[PDB]
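Enquirer: Please find one structure pasted underneath; my questions will follow.
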Amino acid sequence: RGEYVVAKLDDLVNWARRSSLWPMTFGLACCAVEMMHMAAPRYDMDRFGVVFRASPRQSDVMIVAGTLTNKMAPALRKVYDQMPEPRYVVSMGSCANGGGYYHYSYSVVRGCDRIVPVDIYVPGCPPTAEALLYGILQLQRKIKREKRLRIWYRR
Amino acid sequence: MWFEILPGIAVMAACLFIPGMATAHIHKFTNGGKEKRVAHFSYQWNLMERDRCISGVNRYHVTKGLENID
Amino acid sequence: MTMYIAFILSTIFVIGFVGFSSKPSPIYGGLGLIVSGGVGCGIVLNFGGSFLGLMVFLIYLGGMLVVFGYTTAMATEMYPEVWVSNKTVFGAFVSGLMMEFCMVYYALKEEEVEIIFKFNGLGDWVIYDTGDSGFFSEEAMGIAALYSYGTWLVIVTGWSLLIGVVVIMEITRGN
Amino acid sequence: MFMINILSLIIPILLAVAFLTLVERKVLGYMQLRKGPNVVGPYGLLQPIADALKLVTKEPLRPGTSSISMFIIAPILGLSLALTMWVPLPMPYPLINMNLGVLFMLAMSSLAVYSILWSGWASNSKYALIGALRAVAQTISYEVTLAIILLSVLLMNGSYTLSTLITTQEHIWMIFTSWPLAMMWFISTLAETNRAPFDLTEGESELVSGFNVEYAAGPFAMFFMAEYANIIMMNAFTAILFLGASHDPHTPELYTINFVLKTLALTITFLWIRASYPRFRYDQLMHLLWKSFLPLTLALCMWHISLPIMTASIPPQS
Amino acid sequence: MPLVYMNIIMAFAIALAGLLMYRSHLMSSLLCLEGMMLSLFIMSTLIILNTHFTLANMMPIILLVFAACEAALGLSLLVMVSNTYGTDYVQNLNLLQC
Amino acid sequence: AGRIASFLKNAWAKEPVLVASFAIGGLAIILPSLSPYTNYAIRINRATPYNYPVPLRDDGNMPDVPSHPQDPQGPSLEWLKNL
Amino acid sequence: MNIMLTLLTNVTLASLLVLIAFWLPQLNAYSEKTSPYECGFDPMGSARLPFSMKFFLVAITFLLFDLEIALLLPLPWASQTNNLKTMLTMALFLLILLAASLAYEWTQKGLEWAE
Amino acid sequence: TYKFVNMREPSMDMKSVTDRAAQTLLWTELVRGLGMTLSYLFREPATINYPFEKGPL
Ligand SMILES: COC1=C(OC)C(=O)C(C/C=C(\C)CC/C=C(\C)CC/C=C(/C)CC/C=C(/C)CC/C=C(\C)CC/C=C(\C)CC/C=C(\C)CC/C=C(\C)CC/C=C(\C)CCC=C(C)C)=C(C)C1=O
Ligand code: SF4
Numbered sequence: 025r026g027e028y029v030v031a032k033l034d035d036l037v038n039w040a041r042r043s044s045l046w047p048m049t050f051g052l053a054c055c056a057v058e059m060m061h062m063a064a065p066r067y068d069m070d071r072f073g074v075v076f077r078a079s080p081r082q083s084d085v086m087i088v089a090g091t092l093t094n095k096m097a098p099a100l101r102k103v104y105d106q107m108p109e110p111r112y113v114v115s116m117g118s119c120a121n122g123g124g125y126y127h128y129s130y131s132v133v134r135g136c137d138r139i140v141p142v143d144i145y146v147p148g149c150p151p152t153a154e155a156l157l158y159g160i161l162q163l164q165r166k167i168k169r170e171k172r173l174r175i176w177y178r179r
Numbered sequence: 001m002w003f004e005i006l007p008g009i010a011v012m013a014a015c016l017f018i019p020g021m022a023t024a025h026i027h028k029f030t031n032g033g034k035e036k037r038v039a040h041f042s043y044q045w046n047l048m049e050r051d052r053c054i055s056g057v058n059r060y061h062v063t064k065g066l067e068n069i070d
Numbered sequence: 001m002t003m004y005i006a007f008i009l010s011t012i013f014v015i016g017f018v019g020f021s022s023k024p025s026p027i028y029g030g031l032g033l034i035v036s037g038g039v040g041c042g043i044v045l046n047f048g049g050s051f052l053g054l055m056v057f058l059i060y061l062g063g064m065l066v067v068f069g070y071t072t073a074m075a076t077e078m079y080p081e082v083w084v085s086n087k088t089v090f091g092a093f094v095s096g097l098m099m100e101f102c103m104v105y106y107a108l109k110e111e112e113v114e115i116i117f118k119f120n121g122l123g124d125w126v127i128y129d130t131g132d133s134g135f136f137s138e139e140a141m142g143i144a145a146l147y148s149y150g151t152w153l154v155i156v157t158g159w160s161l162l163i164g165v166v167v168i169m170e171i172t173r174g175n
Numbered sequence: 001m002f003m004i005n006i007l008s009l010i011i012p013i014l015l016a017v018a019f020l021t022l023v024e025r026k027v028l029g030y031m032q033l034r035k036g037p038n039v040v041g042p043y044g045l046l047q048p049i050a051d052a053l054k055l056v057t058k059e060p061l062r063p064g065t066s067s068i069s070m071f072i073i074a075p076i077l078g079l080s081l082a083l084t085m086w087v088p089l090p091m092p093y094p095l096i097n098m099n100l101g102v103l104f105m106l107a108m109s110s111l112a113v114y115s116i117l118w119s120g121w122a123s124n125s126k127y128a129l130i131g132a133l134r135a136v137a138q139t140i141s142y143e144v145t146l147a148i149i150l151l152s153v154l155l156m157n158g159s160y161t162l163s164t165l166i167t168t169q170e171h172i173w174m175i176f177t178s179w180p181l182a183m184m185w186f187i188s189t190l191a192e193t194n195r196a197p198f199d200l201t202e203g204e205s206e207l208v209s210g211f212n213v214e215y216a217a218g219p220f221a222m223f224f225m226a227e228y229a230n231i232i233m234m235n236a237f238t239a240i241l242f243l244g245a246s247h248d249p250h251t252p253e254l255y256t257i258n259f260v261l262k263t264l265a266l267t268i269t270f271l272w273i274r275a276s277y278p279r280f281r282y283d284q285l286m287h288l289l290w291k292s293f294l295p296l297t298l299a300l301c302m303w304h305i306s307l308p309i310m311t312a313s314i315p316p317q318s
Numbered sequence: 001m002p003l004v005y006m007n008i009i010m011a012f013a014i015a016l017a018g019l020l021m022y023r024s025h026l027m028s029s030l031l032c033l034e035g036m037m038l039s040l041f042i043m044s045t046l047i048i049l050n051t052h053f054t055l056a057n058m059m060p061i062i063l064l065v066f067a068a069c070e071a072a073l074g075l076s077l078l079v080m081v082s083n084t085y086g087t088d089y090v091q092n093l094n095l096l097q098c
Numbered sequence: 001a002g003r004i005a006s007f008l009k010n011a012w013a014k015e016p017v018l019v020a021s022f023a024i025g026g027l028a029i030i031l032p033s034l035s036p037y038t039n040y041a042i043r044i045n046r047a048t049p050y051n052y053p054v055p056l057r058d059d060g061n062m063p064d065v066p067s068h069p070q071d072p073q074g075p076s077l078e079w080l081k082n083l
Numbered sequence: 001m002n003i004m005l006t007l008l009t010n011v012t013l014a015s016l017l018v019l020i021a022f023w024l025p026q027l028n029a030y031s032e033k034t035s036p037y038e039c040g041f042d043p044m045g046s047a048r049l050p051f052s053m054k055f056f057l058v059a060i061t062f063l064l065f066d067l068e069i070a071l072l073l074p075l076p077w078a079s080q081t082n083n084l085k086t087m088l089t090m091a092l093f094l095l096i097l098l099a100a101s102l103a104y105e106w107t108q109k110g111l112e113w114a115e
Numbered sequence: 001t002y003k004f005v006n007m008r009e010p011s012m013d014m015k016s017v018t019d020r021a022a023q024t025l026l027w028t029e030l031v032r033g034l035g036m037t038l039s040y041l042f043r044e045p046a047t048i049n050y051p052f053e054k055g056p057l
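Chains as they are written, first to last, in the deposited numbering: chain 1B, 25 to 179; chain 1a, 1 to 70; chain 1J, 1 to 175; chain 1H, 1 to 318; chain 1K, 1 to 98; chain 1b, 1 to 83; chain 1A, 1 to 115; chain 1I, 1 to 57.
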């Protein structure tokens, strides 16, 4: 059946996507320190296929770790627009989610959402390195439930 | 532990083993068992060409011993 | 089709020769030389010159590398040219391709070309000679005799290249 | 039976680099107390396939300021050069019995650098041109030592034929007669392939990219697979040239097993040094070769021209 | 005198023509200069190999030894003309008209 | 002695590579004249028969030239076997 | 034959991988995804203006030194001669001038990289 | 109470200079760095199997 063939093919692509996420570190504030602890051998982010890779031309997901200051807000959008785009954005910490501690400041945007679309939200201040691992695991589940080929077959 | 590293080597070592075995066996298969004659100099090539003419079947590796003459 | 690769290889040599002689941007000129240089190595290899073929391959590649390594260093144009770019380079280019393609047509259709010298099309496989080479390649022993029969050439070449490093620093030093 | 032979080389080669990326992280992790990929398949035995399949399905894009033609051909240059270079390697019997196999590999390996800056120049990026200009003078200066080291060692061969190394080091490993040249040969191989005492070509710490600046799924995969293939060979070339092995003419499989083992051990050392040393600054890596490697290089050369003459051990030319 | 001789002789002519028509670049000019060297090296190699002039097989080598020696001289001269005048188009060095 | 020994020791400390390279470079030139096997290397190269030993017509009065390859007279290279 | 077939197969294999590289992954691109990468903020306008490096002197001596290695390449077949004394003297002679050129290049600033 | 971290002057005797020269040519501190990376390779990785092995709180 055509639907079955597109079903297996979609799963193959989705497996290839979720099993290789290459974060482009936007290390901004104390949320970045905890994320490096995820890369530390205690949790070993690398072991899940997900390994840190620079050059957003060669990265799949953004991990917004820290406050997003209005001065650098154009930089966040520019590095987001340059990713080969099967692409997702992970927001770490209360500050990146909706402003957090500095929600009422004059120079902190109330959440990274106002600049970029945001996938799974990671709450914390900072979210423990284990909590982020759960977040990345959630994105892998979200990638697993992608029906890109099924929608194309039913267009 | 470190022994978990070995599966990474094994699937590579076998893969790297194939070109050595394939080339060695293909030469033997395509030359009737004997290794492919190497001609680094014109004199070696002259022997090979005379082998092709003498064999009759236009095969250099097909060799005729004493029984060809009588 | 495998009749004789000498003309086919030499043709790409000329077309590559046409390229950088049309004055592109210098970096694209390096590519035009390299294809001619690489296929030129192929021509000499086909003629038995195995060592000399790879010899011009290794030296030139290093030679032209520092060539277009220099062009991007201080000879680059803020808006570089290309094979199409300006009509002058476009005109200089297409002139070369139509020229050579005319001569080969003039070459392969009567086989009695008489431009400057005489050129008759009968096959470069013909000029080969029948005979063995013993257990040594003739070219390798010829260039090996440089240290036995060419002690005079070694002296003048070695001294000139040593002077070559002196001039290069002396010219480039300045002030 | 030649297309089968060629495809019995291309597929194993691309699969060798394929799982070298797995034995990289799984070795790098274990040396930094991590565990490496062990999720995708058992012990990570499927991670590179997951990596590769993603890197041929995620959106590729040429830079807006790129030069399309040179941008596309550079991955062609890198991959074809890497594959074509394995051709004269004398695993028992070489695939192509070149009379001048050594000179061939020197010439094409000197060509694998046209890919790196044609990619850099066409990308029209500030980090691209910097990385391109870093790499070219890096390789060619390291190439002068590469040529002389090969010549000095091969003076005991009597020829440039790769097959004769089997005969040359039949009883004694070549390293025991040229170990001083072996050290600089290994360092230069670390430098031509841009591993990480001198990975400044990538320069991720200071140049973020440079192997592949805006290069994406396909072209990034090539420029990776074109340099990891060089990693395996430059140790296979080191293995064949210095650490010979017994070769029974009737059972070549023993030599292939031994030859593969030496390449595997050498490749691990390439990964081993990669996570044990800092990054050489540009002037340092140039100073190391032009001011310390070359003086020893020429001196040991003169030794190896004279050595066969004083000991009456001129090797046979044939 | 087969057609391969025509190809490289006619090639050298375009190297001569290419050099003698400086359009806007010293670097591209030097390219045509080293271009000439290919045809001379290639033709010379074909000659002494065809004729089995074994002792003369060194001549293409000595050509190359003195080949890059000029090539180095050209770029070194190109270094200063571009350094102190900015670019390498051969038109801005006409101060010696008087 | 004092001037030379101080210089060699000082160079052995600051620039070990240069004093090293100048050593092997120095030895690479002066032993080959001293060593006695250089003449053997010439003899081995001379004794190698790349070309045919073209026969020379026997008009008599050539006692030293052999008539058969197994004849005792002629250049014998049994020294190669011993060496 | 054998060498050209191998050369052909490699370039077809490489080109096919490019073709599936740029066509199998479909594209949803715009003018901001094609912008040159400059670690975030806007580039000031560069990557084609004269970027003058400093190792030009040693870059060009490599070309001179690469010619030395071309001259001394035929050494393996040079040892198979009947006059090694002349061959040894000349072979060391080229090495000496190669060492001499490097030494004189060294002493006069030379390998030092301009500031 | 202060301590001078880097005020070590190497000895100039014939023994010490050779060891430094031996260290230079025959790369030793580089081998010591290599030799210790091998030591960590054979050790016990500290990775915890998330989410089957959650961290200690
Ligand atoms: C600073 O330092 C740095 C480095 O290091 C010094 C680095 O390393 C790295 C790299 C980073 C890391 C290692 C970190 C982790 C990242 C990764 C692991 C990235 C992984 C990247 C990959 C590319 C994945 C690689 C993995 C795999 C599994 C690749 C697998 C390969 C394949 C799927 C393809 C294999 C080949 C195939 C299938 C070939 C098939 C061929 C055929 C069918 C035949 C083709 C040929 C023919 C038919 C010929 C006949 C045809 C003819 C004649 C046609 C004729 C036509 C005419 C017109 C005439 C970085 C960034 C770095 O910063
Ligand atoms: S959410 Fe908390 S830990 Fe994260 S950046 Fe803001 S203040 Fe720092």
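Using N, Cα and C, we set each Cβ at its ideal position, and we do this for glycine too.
Measuring only the C-alpha atoms, how far is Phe-22 (chain 1b) from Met-225 (chain 1H)?
Expert: The alpha-carbon atoms of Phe-22 (chain 1b) and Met-225 (chain 1H) are separated by roughly 42 Å.
Enquirer: Suppose the cutoff is 6 Å on Cβ atoms and the five residues either side in sequence are ignored; what does the same chain contact list for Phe-293 (chain 1H) look like?
Expert: So the qualifying residues of the chain are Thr-145, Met-184.
Enquirer: At a cut-off of 7 Å, would you count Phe-270 (chain 1H) as near ligand 1, judging by its Cβ distance to the nearest heavy atom?
Expert: No.
Enquirer: Please list the partners that residue 113 (chain 1a) has in chain 1H, where partner means a Cβ-to-Cβ separation under 7 Å.
Expert: Only positions 1 to 70 of chain 1a appear in the structure, and residue 113 (chain 1a) is not among them; the question remains open.
Enquirer: Mark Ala-1 (chain 1b) as exposed unless 16 or more other C-beta atoms lie within 10 angstroms of its C-beta, in which case mark it buried.
Expert: Under this definition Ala-1 (chain 1b) is an exposed residue.
Enquirer: In this structure, how does DSSP classify residue 321 (chain 1H) when only helix, strand and coil are distinguished?
Expert: Examination of residue 321 (chain 1H) is not possible in this model, given that chain 1H is present from 1 through 318 alone.
Enquirer: Mind pulling the chain 1I residues with CB within less than 8 Å of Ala-13 (chain 1b)?
Expert: Within chain 1I, the residues near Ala-13 (chain 1b) are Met-12, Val-17, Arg-20, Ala-21.
Enquirer: Using CA atoms only, rank isn't needed, just tell me which of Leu-241 (chain 1H), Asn-212 (chain 1H), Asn-157 (chain 1H) is closest to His-304 (chain 1H).
Expert: Answer by Cα proximity: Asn-157 (chain 1H).
Enquirer: So what does DSSP say about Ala-53 (chain 1B), is it helix, strand or coil?
Expert: Coil at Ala-53 (chain 1B), not helix or strand.
Enquirer: Tell me the DSSP secondary structure of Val-82 (chain 1J) in three-state form.
Expert: Three-state DSSP puts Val-82 (chain 1J) in coil, outside helix and strand.
Enquirer: So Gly-121 (chain 1J) and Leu-3 (chain 1K) are in contact, right, with Cβ under 8 Å, and what is the actual spacing, rounded?
Expert: 5 Å between Cβ atoms; contact.
Enquirer: Nearest to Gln-317 (chain 1H) by CA position, among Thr-81 (chain 1A), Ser-15 (chain 1A), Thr-9 (chain 1A), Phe-56 (chain 1A), is which residue?
Expert: Out of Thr-81 (chain 1A), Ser-15 (chain 1A), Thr-9 (chain 1A), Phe-56 (chain 1A), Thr-81 (chain 1A) has the C-alpha closest to the C-alpha of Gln-317 (chain 1H).
Enquirer: Take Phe-51 (chain 1A) as the anchor and find which of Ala-182 (chain 1H), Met-31 (chain 1H), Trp-121 (chain 1H) has the nearest alpha-carbon.
Expert: It is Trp-121 (chain 1H).
Enquirer: Under 6 Å, CB to any heavy atom of ligand 2. Which residues pass, going along the chain?
Expert: Output, sorted by chain position: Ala-53 (chain 1B), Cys-54 (chain 1B), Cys-55 (chain 1B), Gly-90 (chain 1B), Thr-91 (chain 1B), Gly-117 (chain 1B), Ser-118 (chain 1B), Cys-119 (chain 1B), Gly-124 (chain 1B), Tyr-125 (chain 1B), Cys-149 (chain 1B), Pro-150 (chain 1B).
Enquirer: In terms of residues, what are the limits of the alpha helix (DSSP H) holding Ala-132 (chain 1H)?
Expert: First-last of the alpha helix (DSSP H) with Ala-132 (chain 1H): 126-154.
Enquirer: Using only CA atoms, which one of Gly-36 (chain 1H), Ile-4 (chain 1H), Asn-230 (chain 1H), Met-234 (chain 1H) lies nearest to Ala-82 (chain 1H)?
Expert: Closest option to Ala-82 (chain 1H), Cα to Cα, is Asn-230 (chain 1H).
Enquirer: Against chain 1J, which members of the region 222-250 of chain 1H pass a CB distance test of less than 8 Å?
Expert: From the region 222-250 of chain 1H, no residue has a Cβ closer than 8 Å to chain 1J.
Enquirer: Suppose you measure from the CA of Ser-152 (chain 1H) to the CA of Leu-181 (chain 1H); what does that come to, to the nearest Å?
Expert: Near 8 Å, if we compare the C-alpha coordinates of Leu-181 (chain 1H) and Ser-152 (chain 1H).
Enquirer: Strictly by DSSP, which residues pair up with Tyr-145 (chain 1B)?
Expert: Answer is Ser-115 (chain 1B).
Enquirer: Check whether the region 7-25 of chain 1I and the region 25-42 of chain 1B are in contact - that is, three or more C-beta pairs closer than 8 Å.
Expert: Short answer: they don't touch.
Enquirer: When every heavy atom of ligand 1 is checked, does at least one fall within less than 7 Å of the C-beta of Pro-48 (chain 1H)?
Expert: Correct: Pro-48 (chain 1H) has its Cβ closer than 7 Å to ligand 1.
Enquirer: Terminal residues of the continuous alpha helix (DSSP H) containing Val-104 (chain 1J)?
Expert: From DSSP, the alpha helix (DSSP H) with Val-104 (chain 1J) extends over 87-108.
Enquirer: Going by DSSP, name the residue or residues bridged to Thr-93 (chain 1B).
Expert: According to DSSP, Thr-93 (chain 1B) bridges with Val-132 (chain 1B).
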